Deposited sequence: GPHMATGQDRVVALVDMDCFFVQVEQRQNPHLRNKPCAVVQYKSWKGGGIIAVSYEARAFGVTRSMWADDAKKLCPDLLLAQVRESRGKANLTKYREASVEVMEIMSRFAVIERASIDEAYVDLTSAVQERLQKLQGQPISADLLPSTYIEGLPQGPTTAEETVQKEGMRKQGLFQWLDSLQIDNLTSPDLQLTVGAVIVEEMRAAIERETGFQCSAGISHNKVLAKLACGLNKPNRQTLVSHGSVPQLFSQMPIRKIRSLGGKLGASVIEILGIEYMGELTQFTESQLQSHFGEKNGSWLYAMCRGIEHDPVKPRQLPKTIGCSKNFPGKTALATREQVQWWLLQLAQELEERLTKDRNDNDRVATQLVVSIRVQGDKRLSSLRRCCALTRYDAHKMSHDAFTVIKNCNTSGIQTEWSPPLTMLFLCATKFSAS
């Protein structure tokens, strides 16, 4: 009862740019705006692989990881923007720079953890306390939440539903209690409306967000009402929400561990997890996963919002699938050099912007017919930002994989260089 802590101490938001690469291209090219459009990498093989899809295009069934020539069968008016190609490979620089614009705006409101190029987590606990003191008991007006959904409401036209649910939530609110978790979430949501307004003002990019008490629920909330909307998932809404939530929808359960939860326990939905003791879950899935699942099915998660706005590694990768697999020494060298040249560019810019140097170079390759995604991963020292040296060292470090007697065998289907182990410079 009174001692069962409920994981309601924090206010955490997950902000996610809607179809981010598409929006970046649509800011740059107005002819793409408010159209079915997608972003592709390469164009020769089946029109190129799609990596981002506007919501208008998604309404036709266009999805990520789909060939453009197939998407065009579903959506013949689909517009396509192409990823920049440099030194023979995809170059994602435009989107990393757009991402940094967005991150820098979010950082003005709270500390953020960059979770990927287009999404960050936000720790709003301090910001909400400050704002709750600034209101001095003043109640929260629906006008402050023009794009917010309250999950699970209303109970007992899309925008009409949204406003009814918001009204129920606000009427149920105890504004005099500066320590009510639900009030904290509500104020967090007001701040997130402001953050999203600033992001759109200052970049033109729209985003969705989730507001809850931890990262997993913030992330799950964010996806309930997309695009250009934010969803508040309260502690009290967890039992109903989870009672029909497929386990795979929860961050980190979408793969093998989630599948084994489903198969071993004989369940489908997140809420069924509550029926097992912590020890049972630890027995099936290990001590960490067990504790995490026992708390998470009750809506409780303690993973902190790490104050990290910048990537921890800087990486360059290219697949060589099918018959393009690299089969000679000259080929492997030239592509290691192209990779090392892009990496050198990104690293020098990183050192100038962010006052840090990487110290370790990781070289990963795949060989043809290998089942694994990394056939080999080996590290060496990274002592100067010079593409020729980095490529020479990556070769030095992988060359004993060649089993030929000038040739390369098994041919390589992936090269990958990653600078890691940053130190302040």
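K.L.:
Taking the deposited sequence as numbered from 1, list the residue ranges that were left without C-alpha coordinates.
P.N.:
Holes in the chain trace, numbered from 1: 157-164, 414-415.
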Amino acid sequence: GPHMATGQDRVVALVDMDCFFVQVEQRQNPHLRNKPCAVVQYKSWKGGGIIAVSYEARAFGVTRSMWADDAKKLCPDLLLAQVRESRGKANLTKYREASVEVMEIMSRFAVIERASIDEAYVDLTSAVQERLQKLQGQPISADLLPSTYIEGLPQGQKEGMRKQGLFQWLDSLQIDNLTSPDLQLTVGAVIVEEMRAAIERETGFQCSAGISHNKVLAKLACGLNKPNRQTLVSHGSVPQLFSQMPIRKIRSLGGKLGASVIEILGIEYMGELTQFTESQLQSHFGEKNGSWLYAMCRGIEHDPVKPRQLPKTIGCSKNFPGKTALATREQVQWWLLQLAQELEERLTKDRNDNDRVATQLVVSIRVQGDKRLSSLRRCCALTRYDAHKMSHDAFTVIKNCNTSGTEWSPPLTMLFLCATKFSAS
From here on, numbers count along this sequence of modelled residues.
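Here, rigid core means the biggest group of C-alpha atoms that superpose within 1.5 Å across both forms.
K.L.:
Relative to this form, superposed by the core, which stretch has the greater CA RMS in 8 other deposited structures of this protein: 170-178 or 254-262?
P.N.:
Relative to the shown form, the greater RMS C-alpha distance in 8 other deposited structures of this protein belongs to 170-178.
K.L.:
Rigid core superposition, C-alpha RMS per stretch in 8 other deposited structures of this protein: which comes out larger, 179-187 or 301-309?
P.N.:
Looking at 301-309 and 179-187 in 8 other deposited structures of this protein, the bigger mover is 179-187.
K.L.:
Please work out which of 121-129 and 136-144 has the higher mean CA B-factor as recorded in the PDB entry.
P.N.:
Mean C-alpha B-factor is greater for 136-144.
K.L.:
Mean C-alpha B-factor higher for 208-216, or for 321-329?
P.N.:
Comparing 208-216 with 321-329, the higher mean C-alpha B-factor belongs to 321-329.
K.L.:
If you compare 172, 116, 237, 243, which has the highest Cα B-factor in the entry?
P.N.:
Comparing C-alpha B-factors across 172, 116, 237, 243, the maximum falls on 172.
K.L.:
When you compare the CA B-factors of 54, 28, 63, 368 as listed in the entry, which one comes out on top?
P.N.:
Across 54, 28, 63, 368, the entry lists the biggest C-alpha B-factor for 368.
K.L.:
What third of the chain, by the recorded C-alpha B-factor, contains residue 250?
P.N.:
Answer is middle: the recorded C-alpha B-factor places it there.
K.L.:
Please rank the C-alpha B-factors of the chain's modelled residues and tell me whether residue 50 sits in the lowest, middle or highest third.
P.N.:
Middle third of the chain for residue 50's C-alpha B-factor.
K.L.:
Divide the modelled residues of the chain into thirds by Cα B-factor and specify which third, lowest, middle or highest, holds residue 24.
P.N.:
Lowest third - that is where residue 24 ends up once the chain's C-alpha B-factors are sorted.
K.L.:
C-alpha B factor of residue 200, ranked within the chain: lowest, middle or highest third?
P.N.:
It belongs to the lowest third of the chain when residues are ordered by C-alpha B-factor.
K.L.:
Among the modelled residues of its chain, does the C-alpha B-factor of residue 13 lie in the lowest, middle or highest third?
P.N.:
Bottom third by C-alpha B-factor.
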